[PDB]
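Q:
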Amino acid sequence: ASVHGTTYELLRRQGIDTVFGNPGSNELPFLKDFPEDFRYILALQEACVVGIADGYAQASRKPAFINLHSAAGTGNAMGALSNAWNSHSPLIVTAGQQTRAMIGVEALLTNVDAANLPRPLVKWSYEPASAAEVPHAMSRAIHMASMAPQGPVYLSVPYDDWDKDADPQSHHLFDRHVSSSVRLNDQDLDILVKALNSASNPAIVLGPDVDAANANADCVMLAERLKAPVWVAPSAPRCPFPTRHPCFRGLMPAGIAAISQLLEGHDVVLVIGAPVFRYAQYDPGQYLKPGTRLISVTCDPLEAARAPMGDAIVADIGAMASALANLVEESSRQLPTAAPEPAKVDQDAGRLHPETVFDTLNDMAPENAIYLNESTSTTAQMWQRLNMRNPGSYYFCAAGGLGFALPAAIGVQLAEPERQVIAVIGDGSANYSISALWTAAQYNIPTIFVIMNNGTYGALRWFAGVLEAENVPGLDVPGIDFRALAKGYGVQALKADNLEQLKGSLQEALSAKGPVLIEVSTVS
Amino acid sequence: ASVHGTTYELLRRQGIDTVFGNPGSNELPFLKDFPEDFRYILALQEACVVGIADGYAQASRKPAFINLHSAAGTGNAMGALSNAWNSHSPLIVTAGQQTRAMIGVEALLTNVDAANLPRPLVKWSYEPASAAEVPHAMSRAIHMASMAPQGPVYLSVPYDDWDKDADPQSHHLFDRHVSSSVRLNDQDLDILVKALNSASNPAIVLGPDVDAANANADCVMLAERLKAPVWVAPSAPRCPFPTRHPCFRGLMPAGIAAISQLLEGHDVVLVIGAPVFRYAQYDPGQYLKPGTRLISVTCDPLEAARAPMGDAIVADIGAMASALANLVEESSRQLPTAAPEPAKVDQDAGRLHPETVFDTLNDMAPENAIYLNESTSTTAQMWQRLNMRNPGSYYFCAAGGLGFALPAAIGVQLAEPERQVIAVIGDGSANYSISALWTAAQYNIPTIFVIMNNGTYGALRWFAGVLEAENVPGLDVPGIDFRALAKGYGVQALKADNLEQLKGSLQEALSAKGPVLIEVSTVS
Amino acid sequence: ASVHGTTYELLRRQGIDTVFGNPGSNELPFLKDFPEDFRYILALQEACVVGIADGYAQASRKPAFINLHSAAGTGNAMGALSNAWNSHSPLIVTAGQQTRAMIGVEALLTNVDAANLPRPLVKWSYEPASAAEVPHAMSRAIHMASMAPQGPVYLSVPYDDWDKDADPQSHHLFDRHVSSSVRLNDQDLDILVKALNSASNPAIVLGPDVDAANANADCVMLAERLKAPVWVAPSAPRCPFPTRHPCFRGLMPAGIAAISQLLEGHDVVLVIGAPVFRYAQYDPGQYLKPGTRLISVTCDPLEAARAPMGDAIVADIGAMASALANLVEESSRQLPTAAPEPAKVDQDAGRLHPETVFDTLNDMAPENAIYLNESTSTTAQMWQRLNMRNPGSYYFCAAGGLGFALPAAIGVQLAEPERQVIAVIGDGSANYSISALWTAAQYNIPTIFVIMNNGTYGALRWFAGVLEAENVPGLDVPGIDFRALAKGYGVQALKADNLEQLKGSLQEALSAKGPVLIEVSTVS
Ligand SMILES: Cc1ncc(C[n+]2csc(CCOP(=O)(O)OP(=O)(O)O)c2C)c(N)n1
Ligand SMILES: Cc1ncc(C[n+]2csc(CCOP(=O)(O)OP(=O)(O)O)c2C)c(N)n1
Ligand SMILES: Cc1ncc(C[n+]2csc(CCOP(=O)(O)OP(=O)(O)O)c2C)c(N)n1
Ligand SMILES: [Ca+2]
Ligand SMILES: [Ca+2]
Ligand SMILES: [Ca+2]
Ligand SMILES: [Ca+2]
Ligand SMILES: [Mg+2]
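Residue numbers (the deposited numbering), protein chains in the order written: chain A, 2 to 525; chain C, 2 to 525; chain B, 2 to 525.
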């Protein structure tokens with residue numbers, strides 16, 4: 002068998018049936034004779050390709066396979082890879098290399114020092130020393146991406162390898178099962194359980210890896226058992242807990258002082274599936290106040306090592322969440338104090354307040370909708386105003402890199418055809434990966450895109466303010482007509498200039514059969 | 002003085018007055034109090050930012066300064082950097098980093114292992130160990146980018162560095178002059194000149210570093226003295242010779258065998274400012290026929306080292322071409338005769354053949370027009386049909402990475418306000434950096450964009466045909482309305498469905514006030 | 002508190018009380034005011050420094066802390082790091098950097114691009130962005146080295162950081178506890194146990210990570226319950242099983258064909274704590290014969306990924322071995338029979354056969370002796386001829402890099418004062434880290450070094466034979482007087498030219514009060 006035949010058999014045998022790509026000449030010998038049990042999903046730019054694959058992998062909780070063109074195609078995707086590294090997304094990224102006989106002269110399309118290109122944003126980066134080694138290298142990539150902590154991997158393949166003979170012994174790769182579904186040994190687990198049972202005022206902090214493991218329901222039970230308030234860790238890439246559950250306290254502000262303040266008085270704080278912590282703003286203070294002890298459960302040795310405080314357990318989030326939920330005692334303490342309701346902001350008949358938009362979405366959207374957030378100045382209000390009951394209901398660029406939400410929303414929707422995806426994106430953020438719109442139209446993926454148009458990089462103006470920074474250039478982005486861009490890529494488009502048009506536009510969008518973009522005029 | 006003030010003084014004193022960027026919070030402390038004598042050029046995505054800067058650098062023959070946002074911004078720009086490396090473009094790429102206090106815990110927006118991110122696509126990549134080091138590091142970046150062989154460099158700066166005190170001894174940096182304007186020693190140069198004079202059938206091959214050095218006229222004189230035919234080196238990123246000069250033989254095919262054959266019978270072949278050679282397609286054969294010796298003058302040790310044949314001299318293209326042009330004897334051989342005018346292709350009333358488009362451009366465009374090419378299936382035709390008399394008349398993605406031409410064309414037009422820039426771009430290639438249109442609209446940069454629309458990845462269909470590769474997915478790109486995309490970003494748009502409409506469109510575009518996009522229906 | 006004081010407090014609080022080092026000016030500010038509760042072990046060359054720390058770490062089953070001088074010092078130690086990478090040795094390598102103010106100009110002793118220097122032989126490599134970050138960085142280093150899979154890490158520290166103020170919040174770092182003592186979830190573990198119980202002819206293969214985890218006794222219980230033969234995985238860096246246990250089958254030959262043949266007819270093969278597999282020689286064939294299924298338990302994701310066959314489980318060896326040993330049934334099959342004693346090789350009154358040496362070592366050495374092996378041509382006979390009943394009884398350079406055993410023997414003896422360490426080292430290998438002898442003499446570490454002198458690079462002459470290679474230079478090393486070398490560094494030296502002298506020498510060495518070298522004349 003050829004490297005080509007053996008490689009597709011490996012992918013198939015390992016559950017891969019979809020290739021997200023943008024093609025090039027180094028990739029044609031791989032893409033030729035494309036098997037009928039595979040589908041290829043085309044996007045017009047590599048950030049869009051990876052972004053879509055990323056959404057797909059996160060929502061489906063399975064690895065996604067990607068094919069890109071040499072260095073330029075790989076390079077165009079590196080921004081998306083930075084997000085993917087932060088979200089522990091299992092992405093298998095392959096790039097075509099020049100034919101081996103032409104690598105030495107550095108012919109055009111040669112990916113020079115290829116394995117170094119995507120570093121440091123990948124768990125593993127590699128180019129095989131021979132054609133017969135390709136299926137083995139593909140095996141490694143698959144497993145490296147899939148083992149905890151999950152993440153993007155990179156494989157470069159000289160295009161003449163595909164037609165060479167495969168090692169007959171490659172058949173051994175086909176059914177390899179590799180598991181990292183592990184938890185803390187019985188002895189130390191019981192110690193942890195006693196600490197949780199003995200705490201007088203415990204708190205729970207949940208991260209994106211909970212939602213990735215679909216450990217949400219086990220965490221609910223755990224929180225109910227302990228009667229503990231539940232926070233989502235800062236800079237949340239996903240939503241790990243029902244946001245209207247009695248225990249839920251909301252999204253932590255991404256500041257050192259703000260967080261030690263929030264956890265004051267809690268004797269034991271259990272963090273699960275989050276870095277400790279993904280701070281953002283400079284907010285100097287204490288990591289923890291005295292009297293507070295912190296225990297972190299993470300699937301990532303890098304997270305365990307860099308936490309500046311607390312104990313850590315490196316283990317599978319699914320296995321640990323399940324064991325803990327079923328081992329801890331039912332506490333007779335009182336549930337946390339009901340959270341206040343978010344205020345209704347006064348709305349005139351002009352441009353829309355973000356809060357008006359979120360209140361209206363929360364009224365009209367289905368209970369199992371899935372939201373994506375790339376409206377960077379409105380995150381806090383979004384978390385306060387959207388009731389998200391189910392797992393896998395929220396995505397936000399995990400490295401803060403814009404250009405994620407628009408293509409990711411397509412990948413999510415492709416992964417969850419029965420759940421309505423609604424992407425809330427600022428006019429600024431919309432541009433980074435605008436061309437992803439075409440993929441939604443072409444394949445008829447019925448994502449809804451709500452563009453929050455206030456003419457400016459809102460978040461940057463805000464930071465500029467608190468910084469007292471005057472005469473900063475480049476903060477405004479006037480003169481973009483999103484209905485026309487949507488038309489350009491074949492996507493139905495609406496406009497909402499006021500509350501009544503917003504209601505009407507959403508009503509129409511939910512009823513539509515394909516993708517729809519709504520430009521909303523929002524206040525400055 | 003602050004690091005901030007000192008650094009802008011260094012930039013200013015080293016000739017930099019323009020900043021190409023897409024802002025982020027790590028960058029605000031740098032961008033605040035933006036000097037009134039500086040200009041900031043906003044682009045909506047980082048591939049676009051760098052593409053514009055690249056075009057500006059290549060046309061101005063001076064370094065361009067870029068400011069990107071941490072890892073995600075840098076990552077988005079890496080495809081554009083692949084091109085810039087191959088074209089020896091002097092780009093100073095700066096990226097904002099988290100405040101030093103927050104790097105350890107890897108807060109959101111921390112650029113991890115930052116110097117490694119852009120490798121291997123930069124000459125030098127660095128993050129200063131303290132704030133007072135920043136001006137010096139910036140000084141290193143400026144010179145590393147500018148010295149032969151020019152190319153992109155990378156500087157990461159923790160945002161808290163800008164308000165710190167600068168070392169007063171930094172003033173020594175302001176006026177440093179660094180030169181690599183060197184040429185071969187007299188003794189060996191005389192030996193070279195003698196071999197040139199003694200050649201009975203010399204040939205000359207010119208690459209992009211000739212045009213970068215503005216060494217075109219010297220090469221014309223050299224060619225006239227030697228009575229030698231002149232070829233452009235394959236995969237040409239620029240045009241180094243007037244294309245209607247009698248010595249001109251056109252663009253070499255990017256094949257090993259094709260090139261040895263073209264050179265057969267030429268006893269001495271002098272290559273100036275080109276890799277030897279940027280082959281592309283698989284065309285196995287002899288590098289040189291017996292009877293041919295090759296001599297290469299290059300500014301790049303990496304090029305001199307990887308050449309599979311001939312002697313090399315590593316030196317400045319401007320200094321070498323000027324020496325040789327002035328030292329060689331006037332040969333008494335007959336001047337080569339001009340190559341044949343290209344054939345007029347039969348154009349019916351349907352869709353436009355590419356040949357028709359180029360003929361029409363050549364007829365109607367000003368004699369000092371500047372062309373950019375990202376119409377990948379039509380490059381050969383373009384080289385044959387455009388009379389480019391002047392230096393800096395042509396640009397093509399140096400690494401073959403798409404998404405270059407559209408932003409670069411804006412950068413070039415900004416660098417040459419008196420020369421009409423005309424970018425010819427395939428419907429496929431247009432999408433990669435589509436949002437760059439907005440910068441042209443916003444800064445009133447009257448670039449003309451000619452979209453060759455045949456609804457397919459044409460060059461890939463062709464390659465798939467030569468490989469006889471069947472069932473390749475992802476080659477077609479139907480359903481893109483380019484006039485709507487143009488309207489989306491505020492740029493006037495026109496359509497041309499036949500030759501007659503192309504003429505009216507072209508005439509209207511040339512007289513138009515701002516940038517114009519013309520969507521042209523072409524054949525397959 | 003200064004960074005100095007906070008760092009030493011961190012080290013003591015994390016159980017470190019020893020520093021292995023070779024000092025330089027960049028390290029003086031660290032090494033000054035050296036705490037009275039710490040000891041410093043000096044070695045004369047960095048390969049020896051790291052070798053000694055490596056032995057100490059592997060024998061103690063705890064991290065060892067190393068301090069080297071800048072780049073030159075780190076570089077001298079990279080050979081040793083390659084062994085340490087392969088043996089999963091938890092080594093904390095710190096190196097002194099130039100003062101921050103002088104890094105820019107690359108003053109002498111500047112470690113340029115320091116974090117890249119030791120790559121790719123480290124798990125984590127880093128230089129902090131500020132002095133206050135140093136304790137945190139050091140905390141990250143300790144845990145990165147200590148978490149499974151254990152391995153070497155690198156930290157570069159500018160020498161001016163030490164006297165700066167530490168962040169008071171660094172106190173949270175002191176008592177951090179990080180665990181990776183995890184095992185397969187209950188349901189999947191039950192499934193593995195069923196497969197083991199159900200096997201009709203199981204075999205067990207053990208790697209160095211069993212011995213590192215001290216899972217030897219659990220592995221014995223497991224082999225006894227399953228009634229299964231036990232092999233040590235090829236290229237063994239440690240001994241994970243009593244070599245005279247009736248189940249023991251010896252060291253596996255390091256070849257693909259040889260191993261599948263060995264495993265033929267075994268329906269289930271369980272591999273614990275080893276790469277699958279560390280083949281060495283070319284010996285192509287089937288990875289496994291049909292009818293054979295392989296299940297691998299490994300602590301290293303990179304191992305699980307690159308296995309060309311079998312399933313894998315990534316978990317802590319100690320926890321997994323214990324769980325498996327206690328859950329499997331007692332098989333009704335008969336217990337394997339002990340391997341026959343090796344035959345006595347005939348020995349005349351002249352030079353010694355290696356076999357004679359090993360038989361004699363075995364007869365005279367204490368039952369709890371510890372052997373190190375760097376006699377490369379005699380490894381197979383060594384494994385057959387030494388009864389090693391207890392854990393931690395054998396060490397062999399894990400990457401095949403010579404220069405390990407001599408210094409490592411000293412580290413092991415230091416970690417195990419009550420177990421006699423005996424190093425068996427070829428005359429070739431002894432030279433790589435010859436100066437380590439001095440450290441044994443100075444600190445009175447009573448290691449016994451046995452030098453096998455046959456005047457040649459024996460294993461290389463052998464390979465030259467099987468390649469049929471002729472006229473290979475550099476294979477002989479005549480003219481070295483090891484007794485003089487020992488004298489040179491203050492180590493008592495003895496000679497054994499024949500069997501009688503060997504017994505006399507060994508007797509004297511085994512009761513000596515300090516280190517002893519015996520130069521043994523062995524046969525060509
Ligand atoms: C690739 C990339 N470039 C730049 C940034 C920095 N950045 C953070 S927020 C922001 C503005 C986003 O504007 P918009 O999408 O309109 O949302 P708004 O802040 O106005 O609500 C930018 C440019 C980034 N995070 N990623
Ligand atoms: C970033 C990047 N992605 C993909 C490619 C591969 N590629 C080379 S040519 C080509 C087709 C370009 O199509 P178009 O612009 O419509 O020009 P045409 O071939 O039809 O003349 C593609 C996708 C590339 N070179 N760079
Ligand atoms: C640092 C290093 N250099 C070279 C080698 C290659 N090598 C393997 S075995 C060997 C010979 C060792 O000779 P000796 O120690 O006398 O043992 P013998 O083979 O004679 O039994 C050499 C040089 C190596 N493994 N590591
Ligand atoms: Ca906005
Ligand atoms: Ca096309
Ligand atoms: Ca020897
Ligand atoms: Ca003794
Ligand atoms: Mg890189």
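Yeah, the Cβ is synthetic: ideal placement off N, Cα and C, and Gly gets one too.
Got a sec: does ligand 4 put a non-hydrogen atom nearer than 7 Å to the Cβ of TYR433(A)?
A: Within the first sequence, numbered from 1, the residue matching residue 433(A) stands at position 432. Result no, Cβ not under 7 Å from ligand 4.
Q: Does the distance between the C-beta of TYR396(A) and the nearest non-hydrogen atom of ligand 4 fall short of 7 Å?
A: The residue you call residue 396(A) lines up with position 395 of the first sequence. Result no, Cβ not under 7 Å from ligand 4.
Q: Could you tell me whether any Cβ in chain B is nearer than 8 Å to the Cβ of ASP498(A)?
A: Reading the first sequence from its first residue, position 497 is the one you call residue 498(A). By this cut-off, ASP498(A) is not an interface position.
Q: Three or more C-beta pairs under 8 Å: does that hold for the region 93-100 of chain A against the region 154-162 of chain A?
A: yes
Q: Which residues, in order along the region 305-338 of chain A, keep a beta-carbon less than 7 Å from a beta-carbon of chain C?
A: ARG307, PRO309
Q: Which residues, taken in chain order from the region 164-192 of chain A, show a beta carbon closer than 7 Å to some beta carbon of chain B?
A: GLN170, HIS173, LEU174, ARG177, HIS178, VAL179, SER180, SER181, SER182, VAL183, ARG184, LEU185, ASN186, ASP189
Q: In whole angstroms, what is the alpha-carbon distance linking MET253(C) and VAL277(C)?
A: The residue labelled residue 253(C) in the question sits at position 252 within the second sequence. The residue labelled residue 277(C) in the question sits at position 276 within the second sequence. Their Cα atoms are separated by approximately 12 Å.
Q: Grab the span of the alpha helix (DSSP H) containing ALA485(C) for me, first residue to last.
A: If you number the second sequence from 1, residue 485(C) lands on position 484. Looking at the DSSP string, the run of the alpha helix (DSSP H) that includes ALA485(C) is 483-489.
Q: So, does the CB of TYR127(B) fall closer than 8 Å to a CB anywhere in chain A?
A: Here residue 127(B) refers to the residue found at position 126 of the third sequence. For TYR127(B), the answer is no, since every Cβ of chain A falls outside 8 Å of its Cβ.
Q: Which residues in the same chain as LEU507(C) place their Cβ atom closer than 6 Å to its Cβ, once the five residues preceding and following it in sequence are excluded?
A: Translated into positions along the second sequence, residue 507(C) becomes position 506. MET365.
Q: Please tell me whether, using a cut-off of 7 Å, the distance from the CB of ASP482(A) to the nearest non-hydrogen atom of ligand 1 is below it.
A: Locating residue 482(A) in the first sequence gives position 481, where the first residue counts as 1. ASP482(A) has its CB no nearer than 7 Å to any heavy atom of ligand 1.
Q: Taking 8 Å as the CB-CB limit, is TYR280(A) close to chain C?
A: The sequence position of residue 280(A) within the first sequence is 279, counting from 1. With 8 Å as the cut-off, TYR280(A) counts as an interface residue toward chain C.
Q: Tell me the rounded alpha-carbon separation between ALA146(C) and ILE93(C).
A: In the second sequence, residue 146(C) corresponds to position 145, counting from 1. In the second sequence, residue 93(C) corresponds to position 92, counting from 1. Straight-line Cα distance between these residues: approximately 6 Å.
Q: Let me know the alpha helix (DSSP H) ranges lying completely inside the region 15-88 of chain B, each 4 residues or longer, listed in chain order.
A: Scanning the region 15-88 of chain B from its first residue to its last, the whole alpha helix (DSSP H) runs of 4-plus residues come out as 29-32, 47-61, 71-77, 79-87.
Q: Quick check on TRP232(C): does DSSP put it in helix, strand or coil?
A: On the second sequence, position 231 is the one that residue 232(C) refers to. Strand, per DSSP.
Q: Is it right to say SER182(C) is buried, meaning 16 or more other beta carbons lie within 10 angstroms of its own, or is it exposed?
A: Here residue 182(C) refers to the residue found at position 181 when the second sequence is read from its first residue. Per the 10 Å Cβ criterion, exposed.
Q: For the beta strand (DSSP E) that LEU109(C) lies in, which residues bound it at each end?
A: Here residue 109(C) is taken as the residue at index 108 of the second sequence, counted from 1. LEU109(C) -> no beta strand (DSSP E), and no H or E assigned at all.
Q: Go to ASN454(A), then tell me how far its beta strand (DSSP E) extends in each direction, as first and last residue.
A: For this step, residue 454(A) is matched to residue 453 along the first sequence. Per DSSP, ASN454(A) belongs to the beta strand (DSSP E) from 449-454.
Q: Could you check whether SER157(A) and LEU110(A) sit closer than 8 Å to each other, using their CB atoms as the reference points?
A: Position 109 of the first sequence, counting from 1, holds the residue named residue 110(A). Position 156 of the first sequence, counting from 1, holds the residue named residue 157(A). No; because the gap between Cβ atoms is not below 8 Å, this pair is not in contact.
Q: Output yes or no for whether 8 Å exceeds the beta carbon distance between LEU407(B) and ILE423(B).
A: In the third sequence, residue 407(B) corresponds to position 406, counting from 1. In the third sequence, residue 423(B) corresponds to position 422, counting from 1. For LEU407(B) and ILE423(B), no; Cβs fall outside 8 Å.
Q: From the DSSP output, read off the bridge partner residues of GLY251(A).
A: Here residue 251(A) is taken as the residue at index 250 of the first sequence, counted from 1. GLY251(A) pairs with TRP232(A).
Q: Run down chain A in chain order and give the residues with a C-beta less than 8 Å from the C-beta of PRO121(C).
A: Within the second sequence, the letter at position 120 stands for residue 121(C). Neighbours of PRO121(C) on chain A, chain order: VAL113, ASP114, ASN117, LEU118.
Q: Where do the N-terminal and C-terminal ends of the beta strand (DSSP E) with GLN98(C) fall, by residue?
A: By one-based count along the second sequence, residue 98(C) stands at place 97. Looking at the DSSP string, the run of the beta strand (DSSP E) that includes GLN98(C) is 92-98.
Q: How is the beta strand (DSSP E) around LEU207(A) delimited, first residue to last?
A: Taking the first residue of the first sequence as 1, we reach residue 207(A) at position 206. Residues 204-207.
Q: Taking CB distances under 8 Å as the criterion, tell me whether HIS137(C) reaches chain B.
A: Mapped onto the second sequence, residue 137(C) falls at position 136. Output row for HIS137(C): interface = yes.
Q: Taking DSSP as the reference, what is the three-state secondary structure of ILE411(B)?
A: Within the third sequence, the letter at position 410 stands for residue 411(B). Correct three-state label for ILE411(B): helix.
Q: Does the beta-carbon distance from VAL346(C) to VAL521(C) come in below 8 Å?
A: By 1-based counting over the second sequence, the position of residue 346(C) is 345. By 1-based counting over the second sequence, the position of residue 521(C) is 520. Their beta carbons are not under 8 Å apart, which means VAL346(C) does not touch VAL521(C) by this criterion.
Q: May I have the straight-line CA-CA distance separating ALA48(C) from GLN262(B), to the nearest angstrom?
A: Walking along the second sequence from the start, residue 48(C) turns up at place 47. Walking along the third sequence from the start, residue 262(B) turns up at place 261. The straight-line gap from Cα to Cα measures roughly 56 Å.
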